[PDB]
Amino acid sequence: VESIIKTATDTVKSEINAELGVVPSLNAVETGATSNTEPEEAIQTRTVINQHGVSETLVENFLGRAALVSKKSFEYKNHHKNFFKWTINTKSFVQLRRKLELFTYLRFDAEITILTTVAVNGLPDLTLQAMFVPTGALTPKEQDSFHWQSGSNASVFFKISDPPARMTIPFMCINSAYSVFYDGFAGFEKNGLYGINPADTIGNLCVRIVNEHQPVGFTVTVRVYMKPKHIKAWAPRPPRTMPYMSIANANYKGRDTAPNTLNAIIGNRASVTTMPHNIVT
Amino acid sequence: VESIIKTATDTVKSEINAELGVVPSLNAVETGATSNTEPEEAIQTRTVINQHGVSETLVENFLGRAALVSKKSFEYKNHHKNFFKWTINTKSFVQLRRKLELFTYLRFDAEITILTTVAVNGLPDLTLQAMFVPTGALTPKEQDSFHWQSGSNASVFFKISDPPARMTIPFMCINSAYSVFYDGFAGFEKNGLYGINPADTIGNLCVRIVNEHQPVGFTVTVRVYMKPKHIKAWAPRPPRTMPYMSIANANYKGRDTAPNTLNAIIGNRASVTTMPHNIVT
Amino acid sequence: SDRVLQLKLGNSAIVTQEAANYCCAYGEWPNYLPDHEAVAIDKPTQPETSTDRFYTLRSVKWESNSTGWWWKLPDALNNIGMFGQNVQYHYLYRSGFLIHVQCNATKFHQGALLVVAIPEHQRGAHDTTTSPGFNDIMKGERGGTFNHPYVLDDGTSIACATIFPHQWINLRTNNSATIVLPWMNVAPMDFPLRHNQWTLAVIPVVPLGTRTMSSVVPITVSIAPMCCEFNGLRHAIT
Amino acid sequence: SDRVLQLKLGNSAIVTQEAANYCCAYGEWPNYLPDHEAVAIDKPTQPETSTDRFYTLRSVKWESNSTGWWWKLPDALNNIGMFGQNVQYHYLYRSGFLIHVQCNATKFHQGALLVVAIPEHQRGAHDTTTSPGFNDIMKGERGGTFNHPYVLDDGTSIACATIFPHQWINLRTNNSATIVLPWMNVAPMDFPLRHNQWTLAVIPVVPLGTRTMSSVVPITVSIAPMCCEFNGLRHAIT
Amino acid sequence: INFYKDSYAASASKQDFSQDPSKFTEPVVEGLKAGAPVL
Amino acid sequence: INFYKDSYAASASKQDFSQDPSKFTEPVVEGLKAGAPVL
Amino acid sequence: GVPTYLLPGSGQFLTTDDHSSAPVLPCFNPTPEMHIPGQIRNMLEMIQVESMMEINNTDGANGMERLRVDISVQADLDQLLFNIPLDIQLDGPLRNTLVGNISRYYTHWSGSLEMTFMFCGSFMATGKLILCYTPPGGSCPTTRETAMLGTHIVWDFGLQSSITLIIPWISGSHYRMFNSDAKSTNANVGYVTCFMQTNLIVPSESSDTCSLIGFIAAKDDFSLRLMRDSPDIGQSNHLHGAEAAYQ
Amino acid sequence: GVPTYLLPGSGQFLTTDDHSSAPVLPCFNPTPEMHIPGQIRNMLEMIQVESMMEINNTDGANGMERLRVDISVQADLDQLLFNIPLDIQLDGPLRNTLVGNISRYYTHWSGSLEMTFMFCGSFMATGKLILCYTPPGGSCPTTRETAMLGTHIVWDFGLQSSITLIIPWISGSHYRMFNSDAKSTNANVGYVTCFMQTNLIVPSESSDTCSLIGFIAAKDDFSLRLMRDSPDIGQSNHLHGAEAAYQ
Amino acid sequence: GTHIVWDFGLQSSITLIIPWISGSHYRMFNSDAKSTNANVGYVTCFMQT
Ligand SMILES: CCCCCCCCCC(=O)O
Ligand SMILES: CCCCCCCCCC(=O)O
C-alpha cells in the first residue's frame, strides 16, 4: 500500500461501459472507507500525463515555517524589572496552534529565532541574555541574581544590532513524540490539570537586558519564533472551527454571528436551492 | 533553421555578377517575409572574419536587471499608520514596463530586493517586516494585528542598517507563462475588468515597521526592485510610443507636441529632401 | 459475504448478519510489546483469555432528540472483570481493543449513527475558560453524552471526524459497526487510571424516525481488550 | 507557382490566382492537444469537418478615408455554424485558424493593406483613463474599426506591427493574403467567450486610389478553424 | 552540509515522498474491488 | 553553485545561444531561394 | 584569510529559510523512535478522506441539522431538490471539510473532486435521483432538462446505500486560484445540482421525509501550491492564560 | 571557524549583479512548461525583421501619411525625390522601427542594415529609381551625378514589387556609438538619397501620384553593446491607479 | 454548405462539385419535386467581393 509519490496521478483514457454486475459508482459509506470510484469509471476520460508536483504539501514543508510563539514587551529603566520569564508553550498564537492541532502526535526538532526591538519612552545597542531554564531548575528573581551565571543552563547573548539570535532545541520529550492533545490528567491525585501532558514540559525561557539601566527609560519587545524540522506526524484531526478561548484547554464559545458560530459554522444562504454567487449574464 | 549563434556572421568576398534570371536584390514584401538579399549579392564584398559577440542581447541579459517596481513613503510615528499594503504589479514604473511589454508571454523567476531609507521630520536602526500575502489571504489592518504572526505566509525581517533584503519568488503563474498582454475579461459576467488576466495575480506585499513608535516622527521610504531570471520569452511586439496613462490599461493620448504625439511619433523636418544634421564644410 | 461476521475471543463470541465489513484503525492490528520497544524491565503478565474477551456495557436508548454518547478507554472497563482487576493491581497496562456497536430496528425505521474511535479526545468545556474537571471526564462504564456534537465538544467539527477510524450504522443498511483498535500512544505502556488512549463516540447525525409502532430502540456497546499486558505489580487502587 | 493556391477544408474550398505564397505564423502549423500537455481530463470531442471549414464573414467596403478593420478570434465565429454551437455548449475550446483575406480591383487601382494576425491584441482607449468596456471589445462577426491605426489603437505603432505574422495585399501585385495560425495561448485550452487568442487586423497603409471608373471595392474575410477540440460539455450559453 | 556535531542541528529533510493514503481512506479488513458491489 | 534546495533560487542562466530568426523573418511556407524571383 | 563580501539579503530573517543552526544541548540523545499507528507524510493523504458537506447552511437549521439534506415525497415531476455552491475560497458547504480546510492553507489547486451521498431513509423507501456537475460559463441550471446536459450520475436507491459523483478536473489552466472574486475565470468551478429522476416513494409506516448526507474528498490526481495563512482562524486579544505564562 | 575578511563592495546592491538568493516558497512546483509558438532567445532575432521607416516626417503629414513617400510624374529629369537621415540616436525616420527601438536600449552597434522599398502604385505604372548610400565625410548629395558615385541599386518597377538597398557596414572602428553629437566621427553613418533614374510613367486612368513604403532591418552580421535606459519613454508623475494599489 | 470561392484570372473556369450526398443508394426522377427521394438541394451564387 505504501509507495513513493512525486507527482499527481495520471489519467488513462476510458471507453463506454455497459457491464452487468459492475457498478463502480455505487459505494457503501457505512464501511468507513472513502469512495474508490475513479474518474475513468464515472465518465469517459482522455489520457493525461500529469506532471503536477506534490512537494509543497509534504508535512515537513507544511509545518516547516518559523511562526510567532511568544511576544513580550517590558520597560528597560531604573526600577517586569529589566527581565522576564516565559513558561514555554505553543498555544498562545492561533495560526501556529491551529496547524499543530491538525495532528495528534508530533516529533520534531525546533529552530528558535529571537527578534528584539526597542523604542524610547537615539536607540541604544543593548546586549540581552536568553537563558533556557529546564524543569526543576531555579529561575532568576532579579536582573542581577546569581542565576544568570548560567554554569550549566544554556544561555545565548546577543545584541540588538546583530541579526536575530538562533539555535535549535532538539526533540526533547520523554516519550517518542509530543502529545498535541492529551485526554488525561497530569497527576496521581484527582485535582490535577486536564489536557496537559507533563511529558511535554519544556521549561522556562528567561530573558534579561544585560546592560545596567540608562538615565532614561525604553520599551523593549522580544519576539520568539519557532520552526519545526525533521518532522514526523501521526493521526490527523478535524480542524479547529470555534475561536480559541484559553491556552490551557480546548474550551469553546463560537463567534456571536456566523460564520463559525456554535450553532452554524458556515454562513447562511437563503435556501438549499439558492446559489450565492450565481453568474448573471 | 534553429542553430547556435555566438558571434555575428562573417562576410565572404564576392565577385562581379551578370546573370540572367537571377535578381537577388528584388523581393516581394507582400509575402510577409523580410528581404533575404545578402551584402555579398548587393555589392562586391571582401572576406571578414567577424568576432563580434552577441551575448549582451540574450533575452536573459536584456531583461535580467533589477528595476524599480514599487516606491512608498509613509510616516513612522504615534498615529498609512506605520505600515502599508501594496497590491503587486509591474505596470507602475515605465522603464521596466516598456521592456516587459516588448513580449507577449514571459516565464521567469523573480529576484526581489527591498531597500529602505529614513529621514527625521540621528537615524534609528529600525526593524521592518515584509510579509507576502497570497490571493485570498487576509491582509493586516493594524501595525500590530495578529496577521503579522505569519504562521504560513512568508515574511522577511530586516534592519535598515543591513544590506537590502533579498529573496526569489518562483515563476508562480497558474499557466505555463505570464500574459504580459491579455485580450480578455477576468470574469464570467460582462462587467469584469478588461486586459487583466486573473492567472497572473500575485497578491499583496505588506510592510510594517516592527518597532513601536518613537517620541518623534520619521519618514520611511521602501523601494522594491525586481529582476527576472531563468527567462523564456515569446512573440515580440511593437514598442510603446505614446506615454503611459494608467497601470490598468494601454490607454493613450500622446505628448502635446512631437515627438511621440498621437499625430506624429517622429519629430518633423522641413521636407522629405531636408537633411537635419547635414555636414557643412 | 462481508455482511455476516463472527468475532470470538476468550469465552465470548458475537455474530451479526448485517455488518458492513469492518475497520482496522489505520490499517493496523493489535500486538504484544516487542523487546526493542520495551521500557519497563519487569516480566509482564499476559493473562490472555481472562482479559482479552468481550465486555458488554449497559445499553443506552436512542431517542428522537439524542445528541450522542461516548465512552473512554480504558476508563470504561477499569472496573469490569479481570481486566479491571489487573488494571487496579498494576501501575502499567497496554492493550488494543475490538469494538462492536449494536443497534437494530425495523425496515420502516430510518437513522444514521456515526461510530468513531477518537485518539486522545481531549474534551473542551462550553462558554467558560475553566478546564473540564475530573468528574466531567471520568464517567466509567456509564460513559457520557455530547453537549454539542456538532463541534465534537472540543471546538472542532463532527463533519471532519471521518478522518478518524470509523463506520456508520445506517438502519436501512446495517445493524452493527466493528472497529479494531491497536495500542495508540507515544509510550509503550501507560498508567490506566489517568489517561485514556481512545474515546468511542456514537452520534446520531440523522435522527431516529418512523411512522410505525414506537418501540424503545437501544444502542449497545461490547468491547474486547486485545493482547493485554500489565507491569508494575503492587496493591489494588480499588 | 507561388501565385496560385487552393485551400480545401471540410466541404469548403478557395482558390486564388494572385497570391503571394502564404504565411505560417512563427513557422508553426495547427495540431491537436497531445497527452503530455493536456490538463482537462474528460474525453474531448473533435468534430473535424463540421467545424474545421471556411466561414465567410460579411464584407466591408474599402473607402478613400478608411482607417482599417479588425476581427477578434474566436469571438467573430462564436455564433456561426457548428463551430459556434460547440463553443456555446462547451466550457473549453482549442483550435488553430486558417485566414484568407480577399480584395481585388483593376490594374488601374493602387492601394496597400497590411494584413496582420496579432496575438493578445489588448486594445487601449483614447484620451481617458477608463479601460475599454465589453461592447468596445466584443464585436462578433461584424468586427470593429481602428480609431488610430497609426498606433494600433494600443499606444504602440503600426510601423513595427510587421513583427507579427502578416502579409500585404498590394493591389498591383496580389489580390489575397493567407495566414495559418496555430493555437496561441499560455494554457492548453480556454473559455471561448471571454478571451480572444488572435486579432485579425486589415489596415490600408496606402489608400485606395484610381482615375478610372469608381466602383465599390470590398474586402472579404474567410476563416477556417483548424484541429478543433472541445471539453467541459453542458448546456448552451446561447 | 551540517557543520555542527549534533545531527538534530541539520537543515530540514524535505525528501520523504512515501505515502499510504489507504490507512485513512480504506482501513477496511477486506479490500474493496473496483466495480464490484462493496456490500 | 546554488546552495539552496530549490533550483529556481539559482543565479541567472546566460548560456542559451540558440536562435531561429526565420520564425519571424521568413514564416513563409515555401522557402525563398537566394537570387530566384520570389514571385 | 578568505576574501569575502556580503550579498543583499545578508542578516535577514526569512521565515521560510532552511539552514542548520547551533544545537542548544550538545550530546543530547533524543528518545528512541517507536512505531505509532497513523503516520501521515503528505497533507494530500488527509484530503483524500471524504468528510461531510454543510449543504443545509440555512437560517432555521441548527448544528447537525445543517449537515443533512431532507428530501420529501413530491407531488410534481422533475423537481429540483438542492444545489451546492462549489466555493472553497468563499464561505459555503465545502469550506469546513478536510479538503476545504487544508486547501485553504494554499492558493492554487488542481485535480478531481468526488462527492458521495448516502441515503439515510428507511429500507422500504425507494427512489432515483440525478446529480449533475455543470462546468462554468453560465447561470446555475434550475430545470432537470438543462442540468442533465452536464456531467452526471443517475442514482437508484438500494442495497448499496451511496453514490459517487466525480467532479473531474476540467479547467483551461493547469491550476485554479482561491481568489476572493468568486466569478473570476480562474476560480469558478461551476455548479452541482440535484433533481428527482423519478420520486421518493415510501409506504405508510416509513417516514415520508428522508435525509441524505453528502461527503466530498479529493482524488489522487490532486495538487496544492503556494502556502498562505488560513482565513479560518484569528485572534484580536490575548487568549486566557497567555499573559499568566509570564507570571 | 574560517578566517575571513570583507572586501570593498561588500554589502552593496548592484542592479546588474548575478547571484542566487533565498527561495520564498520552499518546495514550490512551477507549472509544467508547454510549447508556445514564437519563442525569442536573442534580441538580435527581433531587429532582423523589417519595419516601416517614417520617411515623411513633415508638418502637414498626419499619422499613417508619415509612413509613405509619394512620388509623382516629373516634368524635369534626374530629379531628387527624397533623402533619409540615418540618425538612430537623434530622432528621425529610423527611430521608431524594430531595429531602431531595440538598438536604443544600447550604446554601441555594428553591422549591415538593409532598406527595402515596396512600390504601391497601380499595375500600369512603370518607372526606374536609383537608391544611394553615401558613406560619411561630406554634405548630403543633391544631384544624381554625385549620389551615383556611392553604393547604390537601380530599381525597375515590375512583377517583383520591392527592391533592397544594402547599407554595408563601412566603418573605421569596430563599432559606432549612439552619441548625442550627430556629426561625430564615431556616429555619423552617411546618407541615403533617392532620385528618378528615368521617370514615373502612368496612363490616364492610373493615379499620377504613387506611394512607396520603406522598411529597414539589421542583417545577421549585426551586434549591439553596452545596455542603457532608452530615451523613448519617461514619466513625471504617478500613472493613474498606481497609488490606488496601496489602498 | 459545400462551396468553392472563385477568383477570376488566367484560368477562366471554376468547378463546383455537387457530391453524391443521399441517404438512399439512388434518388428517383419523381414528379413530386419536394419528395425526400428526389430533392437534391440547391445551388446559389453570391459575390464574394
Ligand atoms: C519553543 C520551544 C518549543 C518546544 C517544542 C514544543 C512542542 C509542543 C507540542 C504541542 O504540544 O503542541
Ligand atoms: C514583484 C513580483 C513580480 C511577480 C511576477 C510578475 C509578472 C508580471 C508579468 C506581467 O504581466 O507583466
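### Structural notes on the overall build of chain C
Consideration 1: Each helix and strand counted, chain C has 2 helices and 13 strands in total.
Consideration 2: Computed over its C-alpha atoms, the radius of gyration of chain C comes to 18 Å, within 12% of the 18 Å expected for a compact globule of 238 residues.
Consideration 3: Principal-axis analysis of the C-alpha atoms places the extent of chain C at approximately 60 × 50 × 30 Å.
Consideration 4: In chain C, which comprises 238 residues, the proportion classed as buried is 66%.
Consideration 5: A fraction of 83% describes how many contacts in chain C between residues 6 or more apart in sequence connect residues 24 or more apart.
Consideration 6: For chain C, the computed accessible surface area is about 8400 Å², with 49% contributed by carbon and sulfur atoms.
Consideration 7: Computed over 16 positive and 18 negative side-chain charges, the inter-centroid distance for chain C is 10 Å.

### Brief notes about unusual backbone geometry
Leaving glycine out, the prevailing phi sign among residues is negative, and the prevailing peptide bond configuration is trans.
Consideration 1: Here the amide bond leading from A258 of chain B into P259 of chain B is cis, since omega sits at 0 degrees, within 30 degrees of zero.
Consideration 2: Of note, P259 of chain B is situated in the segment after β11 (218-236).
Consideration 3: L73 of chain C connects to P74 of chain C through a cis peptide bond whose omega is 0 degrees.
Consideration 4: Structurally, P74 of chain C can be placed in the loop between β6 (69-73) and α1 (81-89).
Consideration 5: Phi at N260 of chain A is positive, roughly 60 degrees, even though this residue is not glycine.
Consideration 6: Looking at where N260 of chain A falls in the secondary structure, it is placed in the segment after β11 (218-236).
Consideration 7: For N260 of chain A, a relative accessible area of 10% corresponds to the buried category.
Consideration 8: Of note, the phi angle at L152 of chain D is positive, near 50 degrees, even though the residue is not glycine.

### Things to note about the interface of chain B and chain H
Size of an interface, as often reported, equals the accessible area lost when the parts are brought together.
Consideration 1: Contacts between the two partners involve 103 residues from chain B, matched on the other side by 109 residues from chain H.
Consideration 2: The junction of chain B with chain H conceals about 9000 Å² of combined surface from both sides, 57% of it contributed by carbon and sulfur atoms.
Consideration 3: Contact with chain H buries area across many residues of chain B, yet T57, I266 and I279 of chain B alone supply 8% of it, more than any other trio.
Consideration 4: Across the contact surface, chain B and chain H share 4 salt bridges.
Consideration 5: The partner of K219 of chain H in a salt bridge is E38 of chain B, and the shortest N-O contact between them spans 3.9 Å.

### Some details on the site of ligand 2
All names here are of chain B.
Consideration 1: Taken together, the neighbourhood of ligand 2 is formed by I88, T90, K91, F108, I112, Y178, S179, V180, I202 and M226.
Consideration 2: At 3.1 Å, a side-chain N or O of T90 approaches an oxygen atom of ligand 2.
Consideration 3: Within the complex, the protein chains bury 93% of what would otherwise be the 390 Å² of accessible surface of ligand 2.
Consideration 4: Elements that contribute at least two residues to the shell around ligand 2 include exactly β5 (103-120) and β9 (178-179).
Consideration 5: For the shell around ligand 2, a count of residues per class yields 7 nonpolar, 2 polar and 1 charged.

### Things to note about helix α1 (residues 81-89) of chain D
Consideration 1: Along α1 of chain D, the residues classified as buried are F83, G84, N86, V87 and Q88 of chain D.
Consideration 2: Each element contacted by the buried residues of α1 of chain D is listed here: β4 (55-56), β7 (90-102) and β13 (218-233) of chain D.

### Re the nonpolar core
Consideration 1: One finds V101, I158 and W168 of chain D together with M52, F82, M115 and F117 of chain H to be the most contacted residues of the largest nonpolar core, which totals 210 residues.
Consideration 2: Looking at this core, the element that brings in the most residues is β11 of chain B, giving 9 residues.
Consideration 3: Setting aside its immediate chain neighbours within four residues, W168 of chain D contacts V29 and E30 of chain B, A112, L113, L114, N174 and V205 of chain D together with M52, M118, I213 and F215 of chain H.
Consideration 4: Residues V29 and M172 of chain A together with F83 and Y150 of chain C belong to the second largest nonpolar core, which totals 190 residues.

### A look at the sheet that holds strand β12 (residues 191-196) of chain H
Pairing between sheet strands relies on hydrogen bonds along the backbone, with the strands arranged either parallel or antiparallel.
Residues and elements named next belong to chain H.
Consideration 1: In spatial order, the strands read β5-β12-β8-β9; together these 4 strands make up an open sheet with antiparallel pairing. In this open sheet, the two strands that pair with only one neighbour each are β5 (80-85) and β9 (151-156). Strand-to-strand twist across the sheet, computed as the mean angle between neighbouring axes with direction ignored, equals 15 degrees.
Consideration 2: With 6 bridges connecting them, strand β8 (residues 128-134) and β9 associate as antiparallel partners. Following the sheet pairing, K128 is matched in β9 by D156.

### Description of the environment of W168 of chain D
Consideration 1: With respect to the helices, strands and loops of the structure, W168 of chain D is situated in strand β10 (residues 166-170).
Consideration 2: Placed 37 residues apart in sequence, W168 of chain D and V205 of chain D show a C-alpha to C-alpha distance of 9.8 Å.

### So, the interface of chain G and chain A
Consideration 1: With 109 residues of chain G at the contact, the number on the chain A side is 103 residues.
Consideration 2: In this assembly, chain G packs against chain A so that about 9000 Å² is buried in total across both faces, 57% of it on carbon and sulfur atoms.
Consideration 3: A per-residue breakdown of the area chain G buries against chain A is headed by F13, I233 and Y246 of chain G, which together make up 9% of the total.
Consideration 4: Seen at the junction of chain G and chain A, the total is 4 salt bridges.
Consideration 5: For the interface between chain G and chain A, the tally reads 65 residue pairs in polar contact.
Consideration 6: Looking at which element gives the most residues to the side of chain G that touches chain A, the answer is strand β6 (residues 80-85) of chain G, with 6 residues.

### Side note on the pairing of strand β3 (residues 67-76) of chain A
All names here are of chain A.
Consideration 1: Buried residues dominate β3, accounting for 7 of its 10 residues.
Consideration 2: Where β3 and β11 come together, 9 bridges link them in antiparallel fashion. Looking at β11, one finds that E75 is bridged to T219.

### Considering the pattern of salt bridges
Consideration 1: Per the stated rule, a full pass over the model turns up 43 salt bridges over all chains.
Consideration 2: In this structure, the salt-bridge partner of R97 of chain A is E101 of chain A, at a minimum N-O distance of 3.0 Å. The two residues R97 of chain A and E101 of chain A agree in class, both being buried.
Consideration 3: Of the charged contacts, one joins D127 of chain D and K253 of chain B as a salt bridge, the two residues approaching to 3.9 Å between their closest N and O atoms. Here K253 of chain B lies in the segment after β11 and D127 of chain D lies in the loop between β8 (110-119) and α2 (134-137), a pairing that spans two chains.
Consideration 4: Among the charged side chains, a network of salt bridges with common partners joins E111, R166 and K227 of chain A together with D17 of chain G.

Rules and cut-offs
Chain by chain, residues are numbered from 1 following the written sequence, and this numbering need not agree with the entry; no residue without coordinates is displayed. By the order in which they are written, chains take letters starting at A while ligands take numbers starting at 1. Values throughout refer to the chains shown here, themselves only part of a larger assembly. Side-chain numbers here rest on the full set of heavy atoms in the structure, without hydrogens or water. Numbering goes from the N terminus for both helices and strands, where a helix is a DSSP run of H or I of at least four residues and a strand is a run of E of at least two. In this treatment the radius of gyration is a C-alpha quantity, and the globule benchmark scales as 2.2 Å times the residue count to the 0.38 power. Buried, partly exposed and exposed residues are distinguished by accessible area as a fraction of the type maximum, computed with a 1.4 Å probe on protein chains only: under 20%, between the cut-offs, and over 50%, respectively. Whether two residues are in contact is decided by their heavy atoms, any of which lying within 4.5 Å being enough. Reported accessibility uses the Shrake-Rupley method at a 1.4 Å probe radius. Residues are deemed covered only where the shown protein chains occlude them. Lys and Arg are tallied as positive, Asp and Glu as negative. Neither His nor the chain termini are counted. For this purpose, a charge sits on NZ of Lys, CZ of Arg, CG of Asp or CD of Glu. Once two parts are put together, the accessible area they lose, assessed with a 1.4 Å probe and summed over both, is termed the buried area. The working definition used for a salt bridge is a side-chain nitrogen of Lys or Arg within 4 Å of a carboxyl oxygen of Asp or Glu. The nearness test applies per residue and asks whether one of its heavy atoms lies within 4 Å of the molecule or strand. Distance and chemistry together define a polar contact, namely a pair of N or O atoms within 3.5 Å, with one atom able to donate a hydrogen and the other to accept it when in protein, and with adjacent residues in sequence counting only for side-chain atoms on both sides. Three classes are used: nonpolar for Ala, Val, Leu, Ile, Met, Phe, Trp, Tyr, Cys and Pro, charged for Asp, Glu, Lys and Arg, and polar for all others, with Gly counted as polar. Nine residue types can take part in a nonpolar core, namely buried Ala, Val, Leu, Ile, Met, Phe, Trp, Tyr and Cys, and a core is a set of them joined through side-chain atoms within 4.5 Å. Paired strands are those between which DSSP finds at least two bridges. To get an axis, a line is fitted to the C-alpha atoms, and for a helix only the part in contact is used. The angle between two axes follows their N-to-C directions and goes from 0 to 180 degrees.

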